[PDB]
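Written out below as structure tokens is the structure these notes cover.
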Amino acid sequence: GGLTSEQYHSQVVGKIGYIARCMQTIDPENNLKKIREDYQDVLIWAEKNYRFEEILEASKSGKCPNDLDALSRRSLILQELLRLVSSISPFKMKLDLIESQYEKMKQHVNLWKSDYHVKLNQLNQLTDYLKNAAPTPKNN
Amino acid sequence: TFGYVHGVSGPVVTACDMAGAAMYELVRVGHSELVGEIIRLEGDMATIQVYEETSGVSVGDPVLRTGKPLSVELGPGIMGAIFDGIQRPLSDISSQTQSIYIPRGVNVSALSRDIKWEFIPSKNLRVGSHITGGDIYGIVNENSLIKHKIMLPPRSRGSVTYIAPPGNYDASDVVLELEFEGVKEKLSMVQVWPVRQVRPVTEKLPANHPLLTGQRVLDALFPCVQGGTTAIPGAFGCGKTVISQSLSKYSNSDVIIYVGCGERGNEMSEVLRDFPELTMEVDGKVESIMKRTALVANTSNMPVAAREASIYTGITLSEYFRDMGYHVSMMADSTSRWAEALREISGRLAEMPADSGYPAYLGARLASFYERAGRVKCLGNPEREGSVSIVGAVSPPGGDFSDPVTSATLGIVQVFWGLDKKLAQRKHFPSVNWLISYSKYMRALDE
Amino acid sequence: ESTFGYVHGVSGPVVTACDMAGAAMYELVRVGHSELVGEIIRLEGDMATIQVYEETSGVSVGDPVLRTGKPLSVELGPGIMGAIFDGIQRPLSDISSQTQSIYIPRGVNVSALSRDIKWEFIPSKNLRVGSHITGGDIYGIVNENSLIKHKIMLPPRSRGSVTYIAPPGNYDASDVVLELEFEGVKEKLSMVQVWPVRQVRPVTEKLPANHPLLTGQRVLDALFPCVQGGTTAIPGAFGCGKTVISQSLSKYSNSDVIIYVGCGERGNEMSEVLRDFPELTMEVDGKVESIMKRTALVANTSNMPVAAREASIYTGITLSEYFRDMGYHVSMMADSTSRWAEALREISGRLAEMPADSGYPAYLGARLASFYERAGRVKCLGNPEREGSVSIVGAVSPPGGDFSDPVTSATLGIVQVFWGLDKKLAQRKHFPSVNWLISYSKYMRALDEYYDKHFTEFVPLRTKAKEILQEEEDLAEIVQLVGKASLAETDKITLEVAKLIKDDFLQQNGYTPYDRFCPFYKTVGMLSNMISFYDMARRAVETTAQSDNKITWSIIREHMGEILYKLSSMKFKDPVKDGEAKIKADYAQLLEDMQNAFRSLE
Amino acid sequence: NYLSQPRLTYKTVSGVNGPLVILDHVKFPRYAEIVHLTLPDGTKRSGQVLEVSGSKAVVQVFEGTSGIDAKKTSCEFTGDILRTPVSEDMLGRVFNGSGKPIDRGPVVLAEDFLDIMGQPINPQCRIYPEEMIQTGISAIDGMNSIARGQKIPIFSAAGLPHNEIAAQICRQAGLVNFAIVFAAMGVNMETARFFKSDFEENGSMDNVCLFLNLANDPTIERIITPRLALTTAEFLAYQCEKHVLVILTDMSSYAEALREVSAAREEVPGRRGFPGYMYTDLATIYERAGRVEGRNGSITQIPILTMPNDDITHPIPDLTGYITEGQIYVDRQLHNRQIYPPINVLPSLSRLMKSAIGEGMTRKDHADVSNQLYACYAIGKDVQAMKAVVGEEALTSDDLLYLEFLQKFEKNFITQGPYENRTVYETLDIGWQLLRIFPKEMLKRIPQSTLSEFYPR
Amino acid sequence: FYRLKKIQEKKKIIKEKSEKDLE
Amino acid sequence: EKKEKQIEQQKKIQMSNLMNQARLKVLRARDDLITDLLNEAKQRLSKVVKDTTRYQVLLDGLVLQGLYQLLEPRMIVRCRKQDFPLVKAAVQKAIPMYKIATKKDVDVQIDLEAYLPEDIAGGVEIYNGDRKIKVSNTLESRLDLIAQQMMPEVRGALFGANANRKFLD
Amino acid sequence: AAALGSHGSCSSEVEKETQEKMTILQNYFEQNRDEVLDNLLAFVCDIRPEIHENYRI
Ligand SMILES: Nc1ncnc2c1ncn2[C@@H]1O[C@H](COP(=O)(O)OP(=O)(O)O)[C@@H](O)[C@H]1O
């Protein structure tokens, strides 16, 4: 697989900015310290108020982390934790469970193949159906 | 802006003052705005292959350029649509014109304007946020099934200068504004993509999961993978509907696209009559399958370029849904009729014949289409997987597989559900001949 | 006027040039700052169109085009034998020596014959100052090699009174070895003469051809004989044997010299020849010698420039006509006239000339006609009478293997001998893969006058062998729908004998010592035995089928299995180890064994 | 030395027609020079000048002409032909069809720039190839031996496992240091993964270079794809003395690129609409093979091609068959019966087997065994064709033994595991164990001395 | 087909040249 | 047995991909060094342009080199605002040397209506009078042109000669 | 456990060998940088104006 170099580096700086949005959204208080440490190398480039052009130059210059496979794996682990923590919306889970589930995902071979992702997809179908559900016995 | 017609001979229109024009650019010719592609440039002059009948085009008529090659409008409002091969909306042409005819030189916008869609902006985004092509900047609830992921066009990037709040917006409302290199781009829900260009990906993955048809022979003995390339010997005597309807009702693909490649007038109306009435169970509700498909129908007297383009339009739609992280299935109900349209273009371009009178590039035009299948990691940041499965029927005359469109197709597709008139005559539905048929994906599905 | 024009344009091997007013068609030109060799092919005013014999990549508009004033021409003289020349006559050995490169460098101008070598020259002694002389007069011999006494001769255009003939000594191409005067004009000459390759070297008379060209191979010399001075083709699909036959005729024949033209051929064939021909040896006067001493190559391999294939063919026949004028029995191999004709197709397609069949130019027939008609036996020009010859063997390579190919069709229109090979035989590993139905030799009526003097038994044997093979192919069309059982015993004998003729005479394994070469005395002896078996086996049935005591093919087979084994074994007899009398005595014993075995069935 | 003159760039596009852009006003156009084109949207493309005439340069554009514009297109002329940057650092790397890297490594830091067309190897300096390579496959090594420096393609019907045979040869190839250049023209991505994966699985990456042109990549790149591979192979063999094997995959997709370009150019067509020069162009690929005097280097080639509609008389196999040193054939009549590798010996030959065999290379018997196996398999096919008309009741016991030979032969000689490696000496012992099916006297291709040394053992 | 096509191209060239010759 | 083969396969995959990553890291590092040599060359050149003496000699050459590539009767030279006074002297010297070597007159104008960007290190662009053809003589373009052609000499110095390259065919 | 134990070091071996190769690169680089830099500057700054060799009159 491949892309134009401008496309490839644009996707790098995208994934950096998205990892930052996910990290801020899963944790508005910076409680998830061990998780945040495993993204510090990408988070810095979004916590610093850099223009898209400036981070793009830093990506072409190899100063930003720029392996799209590593960024996709690392981004995936983070957002699948974000889906867990967002899915349970009425019941905010404990910090020790969050860092435990993160470690289990980090240790796993491939999250798309994992039963972890299958369970969350089954929850998503069930939850998404409820969002617009009319009053009837099955829906209640 | 526009050039002027300098000469006409059949569908070939030569235009002048076209110094700014580009090869395969899409041009409207005459006071009626007839569609055509620039096939040559010769100075400040351009030669346009006009698609529709040129009768009545005059020297000195306007020749309006579109700033684009042949391209598909992509966006919400695709589900339930019927398109010709060049993305003109046959349902809306019907409802606006109140005519049994397509008027020569339709200019109806492909995605219906004025429909304020329900839009939810992607709640993570802010002014000053970074974004890249394939980022989902909001979701449009176009139908109950298919939550439409609006995404940044693959070539656009930068910082979000504005995003529209939650509300109702039509396809021409500016939902996103972004900036790169000090240049602002205003952006709509409608997205234009060149139809003969592959929508790019993070990576084409190896295909590894069954496209379950719900049909014992098809799922057990000859499995097609999600992302698979496959063919069917679609002919009347074999009962071709047994596969295509079963896939349409039941199969594990989130969206479906149909291309009428260039089908007989009445056989086209069978597709267009039937699918509205078909239904699926979803979450214990019953809903029309038109909630999850679009029919790119073309009768044999649709313009040649529309038939030749129709296959590329259907896959360009299917690739947009693939980039939304959906699994599309694409049916192509006679690749042979598309190859005839391709042969007619080559004949009109006065190009030299190759195998059985087909063009030299038939092999490449088939192969570069079937390679648009597969599973993918999409572009953009939510890491989502998706796929297109291409189910492209073939029609070898007398069943003779040495026919170059059929032979080149069987040289490319990994699965072939060899339907047979001898089984269909005995009502042995699904009528697949297990001696003829095969699948190459068995190894990859072992996981 | 200018001696040089300027390149107007380029398209593949074709160049167009401005400031060419006063050029001539087929004049040589040098194109580009690297002086690429090329030849003018069309004229269009003050502009010429040129065919370039070297890859034109990198030629620019406004590059010089030096007109030479000369047509495409070969230097003939000492230093040809054992050489390998490229298609335009440059010796690859000196190109390699001067440049140390694994590749031929484009635009190289290595002189065609090595002018630094001092050759030994003997003047003819008859000639002296004031003597009359004419074109084709042998004015001296150069001892070029241990084999080839190189008869130096006055060029065909030249004539006059001898002003000076050089004494016996050592000389090179710059030395005035001879000087004439004619019409009051002096003319200095040296042992190297230029000749235009597209022009036929004249002769006193083209003689009728009446002596066989003994090839290396049983099937060729028996059933489809070539003649010295004969025109021949070897049409065959890929992988049939056509190169191995051309090799075998070159390795093993009575041709006094061979010119071998690698026209568009796979490159390993040239390396095979240069690897094998210095090692392989003939014998003369009780001295063994390397066959390279009688051979010259003109290479132009398949990846070398397309245009140079024309020049390669014309170079090969120009050399061959020169060695013919010395009185040598030349043979010329051409590894494919179709790959030559593909050069004519390419130039036509660049010039935009109208094609005949399959894209070939309409003059293809005339090009081939004016090639093969350069063969023959000839009374040479000039004072001493000589009977030279050129025998031409064009190994046509029909696209798809199909003999309906226009080059095959035009070739078989001209040539008197057609050795049609067949992929069915090559798939069976039946080599040489000659199809003995479709092949023919028109010279047989002239060669019957030779066979009647030296091999009086042969004409009956050739006739019966051809008939037996024909009858088996007639029977086969029935067997393929009825099986082997229904045939009469005479017809079973015909079928089995034809299988013995096919498997143990027509086949010949040229990569094994016993089949590497097969003299005529071995060839006729095998026929005499196989046909004696046929006549006696047929006679034994016909003599007894009038009664219950009927002899049959199976009775013969089961009583004579050792004689059938001896018959099949005859190919293994080897002239390198076995004397002629020893092979003959073994074959005479087999004839006596057959007679006594058949007398034991009566 | 370097070209010191600064580059011209032209906007004088006098026209566009198919894959051709026609510049005008060009200062001294150079035939076959490379142009770099910038389109109005800023897309970069490349092209080669196919004709020059006065001020005009007809440039063929590799990425195609879609989007070229008569005013807003900038054509930079590099003033020189196309040169491949080469270095030994290209082993362990992957390149697209135009020679840009796709392994996420940097561009090729050249040890030199070589003309992509190569140079014609001088017939006097070409060594005749004769040292044997074992492929490990019995149907090759026993009856179609490949010499070090030979070019010998694998023909196949469409959808046969030709990729697996070519992969297995890369795994198992050796003499009785080495490197591979693998190229594929118009390969589907499902098959591109197989090839790249197999070299990674075998640990071969450190001595293989891959050129991938995928089936959707711009079809003109297929013309340069094998030329880039060869230009790398020429650097590695002829300058670095590596023992190189070049694999060229679907020369049919190369020939299709010639047919498409030929249609666009309007060349004189030969058979099936291929250009009349298809033989020369295929020779410009295939003849860049063999050993060269004074160099320990060697380019072996094993091209692969899908025979269209299985037709051996098709121009692609047919012209390849003329140029290449015999051919290795794969057949549905083996593959349908699950006989992997499905190599059919009968149409197969290797021209260099007539030298890369015998003492110092292989056992003495090899030539004789091969010829007798050919005779018995051929007669076996002929009696099978008789049985199909008249039934086995018409065959003799000898004919029935040739039919039983054809069965035992396919089941043991041709049949071999995808990772099973067999020596030539092992293959000949299998050959004799099959020849022992007949009485000694029937072995008409083998001399009495070879029978006496090997038949009873 | 190829012969008829090349003839048609030569005719178009001759027509274009014949119009240019009016200048 | 299948599970054992899967474990061995997982080992082979991991043992493999590490070597590929290492080979690529080495390649990237080599290219980054060569790239930084070119970056230092761009810096050295960006010092040289501050000396108006050597920079006049450069512009005298670069302008005339442009004229000799285009060979038209009319041309336009484009430069930065700071270059213009030196370019005027360069054009005034170059027109003589052009007419001498070409044997023909030329009209040359400097594009003071539309300068080069201030980001350009220095040197010039030249155009035909219709602006439809151009030649590049900006100092960064000269560096890239020669530096790319000299990459073999650069490699042969910065990483030494390849010991295996025994022949130069 | 045998597979995991072998993976538990080989990454450090290839990384160390990479850092060794990076040091070898850095060494040959610094030993030649200034010479190469001066040579490219010289080749770039010596302009050598030329008319194309095909020019006429
Ligand atoms: N007379 C022969 N004896 C033995 N082997 C032969 C003979 N003739 C042909 N062959 C075998 O067949 C191969 C193919 O024939 P060849 O002459 O090389 O091909 P082509 O006809 O295309 O030039 C030869 O290289 C050799 O291996």
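Order determines the names: the first chain of the structure tokens is A, the second B, and so forth; residues in each chain are numbered 1 upward, and ligands are numbered 1 upward as they are shown.
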
message: ligand 1: which residues are within 7 Å, counting only C-alpha atoms and all ligand atoms? Reply as a PyMOL selection string.
response: (chain C and resi 236-245+426+431-433+508-511) or (chain D and resi 322+326+349-351+353-354)

task: Find the spatial neighbours of residue C:406, counting only C-alpha atoms, within a cut-off of 8 Å - ignore same-chain residues fewer than 5 positions away - and output them as an MDAnalysis selection string.
output: chainID C and resid 357:358 360

- request: Find the residues of chain D in contact range of chain B, meaning any atom within 6 Å when counting only C-alpha atoms, and list them as a PyMOL selection string.
  value: chain D and resi 14-17+66-71+158+215-216+259-260+263+272-273

Please identify every residue of chain A that has at least one atom no more than 9 Å from any atom of chain D, counting only C-alpha atoms, and report them as a CSV table (one decimal) with N, CA, C and O atoms, in the first residue's frame.
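Once written, result-v3.csv looks like this:
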chain,number,residue,atom,x,y,z
A,1,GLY,N,0.8,-1.2,0.0
A,1,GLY,CA,0.0,0.0,0.0
A,1,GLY,C,0.9,1.2,0.0
A,1,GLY,O,2.0,1.2,0.5
A,2,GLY,N,0.4,2.4,-0.5
A,2,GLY,CA,1.1,3.6,-0.6
A,2,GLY,C,0.3,4.9,-0.9
A,2,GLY,O,-0.9,4.8,-1.3
A,3,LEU,N,0.9,6.0,-0.7
A,3,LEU,CA,0.3,7.4,-0.9
A,3,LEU,C,1.4,8.3,-1.5
A,3,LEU,O,2.6,8.1,-1.4

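Between atom CA of residue B:301 and atom CA of residue B:420 there is a distance of 28.8 Å.
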
- prompt: What is the distance, in Å and to one decimal place, between atom CA of residue B:143 and atom CA of residue B:292?
  reply: 8.4 Å

message: List as a VMD selection string the protein and nucleic acid residues near stretch 16-28 of chain C, meaning an atom at most 10 Å away when only C-alpha atoms are counted, but skip any in the same chain fewer than 3 places from it.
response: (chain C and resid 1 to 11 31 37 to 52 61 to 73 196 198) or (chain D and resid 52 to 54)

query: Can you tell me how far atom CA of residue C:219 sits from atom CA of residue C:520, in Å to one decimal?
result: 10.8 Å

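Residues in contact with residue G:18 at 8 Å, where only C-alpha atoms are counted and same-chain residues fewer than 2 positions away are skipped, are listed as residues 22, 23, 25 and 26 of chain F; 14, 15, 16, 20, 21 and 22 of chain G.
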
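The residue set within 12 Å of residue G:5, counting only C-alpha atoms and dropping same-chain residues fewer than 4 places from it, reads residues 11 and 15 of chain F; 1, 9, 10 and 11 of chain G.
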
- request: as number ranges by chain, list the residues of chain F assigned to strand (DSSP E or B) by DSSP on the backbone atoms of this structure.
  value: F: 74-78, 107-110, 123-128, 133-138

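Within the 10 Å cut-off around residue C:553, using only C-alpha atoms and omitting residues fewer than 4 positions from it on the same chain, the listed residues are residues 488, 489, 490, 491, 492, 493, 494, 496, 537, 538, 540, 541, 557, 558 and 559 of chain C.
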
- request: Up to 12 Å from chain B, what residues of chain E turn up? Count only C-alpha atoms and give them as a VMD selection string.
  value: chain E and resid 1 to 6 8 to 9

Neighbours of residue F:147 within 12 Å (only C-alpha atoms; same-chain residues fewer than 5 positions away dropped), as an mmCIF file with N, CA and C atoms, in the first residue's frame?
data_model
loop_
_atom_site.group_PDB
_atom_site.id
_atom_site.type_symbol
_atom_site.label_atom_id
_atom_site.label_comp_id
_atom_site.auth_asym_id
_atom_site.auth_seq_id
_atom_site.Cartn_x
_atom_site.Cartn_y
_atom_site.Cartn_z
ATOM 1 N N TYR D 2 28.921 15.683 -15.186
ATOM 2 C CA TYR D 2 27.544 16.189 -15.082
ATOM 3 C C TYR D 2 27.200 17.159 -16.223
ATOM 4 N N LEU D 3 25.926 17.196 -16.615
ATOM 5 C CA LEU D 3 25.395 18.234 -17.488
ATOM 6 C C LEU D 3 25.292 19.530 -16.684
ATOM 7 N N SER D 4 26.074 20.533 -17.069
ATOM 8 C CA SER D 4 26.146 21.824 -16.380
ATOM 9 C C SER D 4 25.090 22.827 -16.848
ATOM 10 N N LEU D 109 20.171 6.372 -3.111
ATOM 11 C CA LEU D 109 21.443 7.074 -3.188
ATOM 12 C C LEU D 109 22.347 6.304 -4.152
ATOM 13 N N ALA D 110 22.482 6.812 -5.370
ATOM 14 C CA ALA D 110 23.136 6.099 -6.454
ATOM 15 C C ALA D 110 24.641 5.905 -6.231
ATOM 16 N N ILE F 34 23.344 12.843 4.020
ATOM 17 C CA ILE F 34 23.497 13.426 2.679
ATOM 18 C C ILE F 34 22.586 14.654 2.543
ATOM 19 N N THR F 35 21.350 14.571 3.018
ATOM 20 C CA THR F 35 20.414 15.691 3.013
ATOM 21 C C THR F 35 20.959 16.869 3.809
ATOM 22 N N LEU F 37 24.196 17.460 4.371
ATOM 23 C CA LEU F 37 25.259 18.022 3.545
ATOM 24 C C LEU F 37 24.678 19.014 2.541
ATOM 25 N N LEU F 38 23.608 18.644 1.836
ATOM 26 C CA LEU F 38 22.933 19.558 0.919
ATOM 27 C C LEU F 38 22.352 20.778 1.667
ATOM 28 N N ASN F 39 21.826 20.614 2.882
ATOM 29 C CA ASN F 39 21.362 21.739 3.694
ATOM 30 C C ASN F 39 22.508 22.688 4.069
ATOM 31 N N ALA F 41 25.262 22.958 2.273
ATOM 32 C CA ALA F 41 25.618 23.567 0.994
ATOM 33 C C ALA F 41 24.704 24.751 0.667
ATOM 34 N N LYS F 42 23.394 24.605 0.888
ATOM 35 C CA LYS F 42 22.440 25.709 0.767
ATOM 36 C C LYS F 42 22.791 26.853 1.720
ATOM 37 N N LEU F 139 19.870 30.063 -7.654
ATOM 38 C CA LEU F 139 21.012 29.370 -7.074
ATOM 39 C C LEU F 139 20.615 28.057 -6.398
ATOM 40 N N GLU F 140 19.425 27.985 -5.812
ATOM 41 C CA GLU F 140 18.898 26.724 -5.283
ATOM 42 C C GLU F 140 18.672 25.683 -6.385
ATOM 43 N N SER F 141 18.185 26.102 -7.554
ATOM 44 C CA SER F 141 17.991 25.193 -8.688
ATOM 45 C C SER F 141 19.321 24.661 -9.211
ATOM 46 N N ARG F 142 20.340 25.519 -9.322
ATOM 47 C CA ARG F 142 21.703 25.100 -9.684
ATOM 48 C C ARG F 142 22.245 24.077 -8.706
ATOM 49 N N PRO F 152 26.572 10.222 -6.695
ATOM 50 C CA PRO F 152 27.574 9.170 -6.638
ATOM 51 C C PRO F 152 28.901 9.618 -6.042
ATOM 52 N N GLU F 153 29.400 10.788 -6.423
ATOM 53 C CA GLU F 153 30.627 11.326 -5.840
ATOM 54 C C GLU F 153 30.424 11.641 -4.353
ATOM 55 N N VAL F 154 29.285 12.240 -3.998
ATOM 56 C CA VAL F 154 28.919 12.517 -2.605
ATOM 57 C C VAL F 154 28.885 11.223 -1.793
ATOM 58 N N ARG F 155 28.201 10.182 -2.271
ATOM 59 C CA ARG F 155 28.127 8.883 -1.593
ATOM 60 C C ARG F 155 29.529 8.296 -1.433
ATOM 61 N N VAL G 36 33.522 17.580 0.699
ATOM 62 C CA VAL G 36 32.378 17.421 -0.205
ATOM 63 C C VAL G 36 31.605 18.727 -0.330
ATOM 64 N N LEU G 37 31.358 19.389 0.796
ATOM 65 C CA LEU G 37 30.673 20.671 0.863
ATOM 66 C C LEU G 37 31.384 21.722 -0.003
ATOM 67 N N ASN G 39 33.518 21.068 -2.474
ATOM 68 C CA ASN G 39 33.486 20.622 -3.861
ATOM 69 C C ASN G 39 32.146 20.938 -4.536
ATOM 70 N N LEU G 40 31.012 20.635 -3.895
ATOM 71 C CA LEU G 40 29.710 21.000 -4.453
ATOM 72 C C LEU G 40 29.583 22.513 -4.597
ATOM 73 N N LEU G 41 30.032 23.292 -3.611
ATOM 74 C CA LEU G 41 29.982 24.744 -3.730
ATOM 75 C C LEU G 41 30.785 25.211 -4.948
ATOM 76 N N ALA G 42 31.983 24.665 -5.163
ATOM 77 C CA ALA G 42 32.810 24.999 -6.314
ATOM 78 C C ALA G 42 32.130 24.643 -7.643
ATOM 79 N N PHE G 43 31.631 23.412 -7.796
ATOM 80 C CA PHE G 43 30.930 23.007 -9.016
ATOM 81 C C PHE G 43 29.703 23.881 -9.287
ATOM 82 N N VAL G 44 28.942 24.244 -8.253
ATOM 83 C CA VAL G 44 27.785 25.125 -8.422
ATOM 84 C C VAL G 44 28.204 26.542 -8.791
#

8 Å contacts from chain C to chain D using only C-alpha atoms, as JSON, numbers by chain: {"C": [8, 9, 10, 11, 12, 56, 57, 58, 59, 60, 61, 62, 84, 92, 93, 96, 102, 103, 104, 105, 237, 238, 239, 265, 266, 267, 268, 270, 271, 272, 274, 275, 299, 301, 302, 303, 304, 306, 342, 345, 346, 349, 350, 358, 359, 399, 400, 401, 427, 428, 429, 480, 481, 482, 483, 484, 485, 511]}

- prompt: If you run DSSP on the backbone, which residues of stretch 23-163 of chain F are alpha helix (DSSP H), as a count of residues only?
  reply: 83

- request: Select all residues from chain F having any atom no more than 8 Å from an atom of chain G (counting only C-alpha atoms, ignoring ligands), output as a PyMOL selection string.
  value: chain F and resi 7-8+10-11+14-15+18-19+22-23+25-26+29-30+33+37-38+40-41+44-45+58+61-62+64-65+68-69+101-103+142-143+146-147+154+157-160

Only C-alpha atoms, please: the residues just picked out, written as a PDB file, in the first residue's frame.
ATOM      1  CA  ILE F   7       4.535 -20.388  17.458  1.00  0.00           C
ATOM      2  CA  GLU F   8       7.579 -20.964  15.179  1.00  0.00           C
ATOM      3  CA  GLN F  10       5.314 -15.956  15.089  1.00  0.00           C
ATOM      4  CA  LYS F  11       9.038 -16.162  16.056  1.00  0.00           C
ATOM      5  CA  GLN F  14       9.172 -11.017  14.742  1.00  0.00           C
ATOM      6  CA  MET F  15      12.831 -12.064  14.141  1.00  0.00           C
ATOM      7  CA  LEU F  18      13.240  -6.255  13.315  1.00  0.00           C
ATOM      8  CA  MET F  19      15.953  -6.759  10.613  1.00  0.00           C
ATOM      9  CA  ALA F  22      17.054  -1.906  11.221  1.00  0.00           C
ATOM     10  CA  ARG F  23      17.976  -1.854   7.479  1.00  0.00           C
ATOM     11  CA  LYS F  25      16.737   2.994   9.951  1.00  0.00           C
ATOM     12  CA  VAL F  26      20.318   2.742   8.587  1.00  0.00           C
ATOM     13  CA  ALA F  29      20.179   7.858   8.629  1.00  0.00           C
ATOM     14  CA  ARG F  30      22.542   7.764   5.584  1.00  0.00           C
ATOM     15  CA  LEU F  33      23.354  12.874   6.485  1.00  0.00           C
ATOM     16  CA  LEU F  37      25.259  18.022   3.545  1.00  0.00           C
ATOM     17  CA  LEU F  38      22.933  19.558   0.919  1.00  0.00           C
ATOM     18  CA  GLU F  40      24.842  22.979   4.715  1.00  0.00           C
ATOM     19  CA  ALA F  41      25.618  23.567   0.994  1.00  0.00           C
ATOM     20  CA  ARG F  44      27.231  28.074   2.481  1.00  0.00           C
ATOM     21  CA  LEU F  45      25.728  29.371  -0.781  1.00  0.00           C
ATOM     22  CA  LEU F  58      27.582  34.433 -10.265  1.00  0.00           C
ATOM     23  CA  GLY F  61      27.419  33.850 -15.469  1.00  0.00           C
ATOM     24  CA  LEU F  62      23.790  32.900 -14.622  1.00  0.00           C
ATOM     25  CA  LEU F  64      24.500  34.777 -19.759  1.00  0.00           C
ATOM     26  CA  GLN F  65      23.883  31.035 -19.244  1.00  0.00           C
ATOM     27  CA  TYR F  68      22.630  31.087 -24.280  1.00  0.00           C
ATOM     28  CA  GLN F  69      19.908  28.493 -23.491  1.00  0.00           C
ATOM     29  CA  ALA F 101      29.111  34.316 -29.426  1.00  0.00           C
ATOM     30  CA  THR F 102      25.652  34.038 -31.156  1.00  0.00           C
ATOM     31  CA  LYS F 103      26.505  36.641 -33.883  1.00  0.00           C
ATOM     32  CA  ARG F 142      21.703  25.100  -9.684  1.00  0.00           C
ATOM     33  CA  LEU F 143      22.545  23.392  -6.396  1.00  0.00           C
ATOM     34  CA  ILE F 146      24.489  19.501  -9.785  1.00  0.00           C
ATOM     35  CA  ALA F 147      23.994  17.956  -6.327  1.00  0.00           C
ATOM     36  CA  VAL F 154      28.919  12.517  -2.605  1.00  0.00           C
ATOM     37  CA  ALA F 157      33.106  10.405  -0.161  1.00  0.00           C
ATOM     38  CA  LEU F 158      30.602  10.536   2.766  1.00  0.00           C
ATOM     39  CA  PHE F 159      30.241   6.718   3.012  1.00  0.00           C
ATOM     40  CA  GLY F 160      33.373   5.564   1.093  1.00  0.00           C
TER      41      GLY F 160
END

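Distances to chain B were evaluated for A:50, A:116, A:18, A:39 using only C-alpha atoms, and the minimum falls at A:18.
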
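Residue list for chain C within 10 Å of chain E: residues 352, 353, 354, 355, 356 and 359 of chain C, counting only C-alpha atoms.
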
- request: Can you check which residues of chain B have any atom within 8 Å of chain A? Use only C-alpha atoms and format it as a ChimeraX atom specification.
  value: /B:124-125,129-133,155,157-159,180-181,200-204,283,379-383
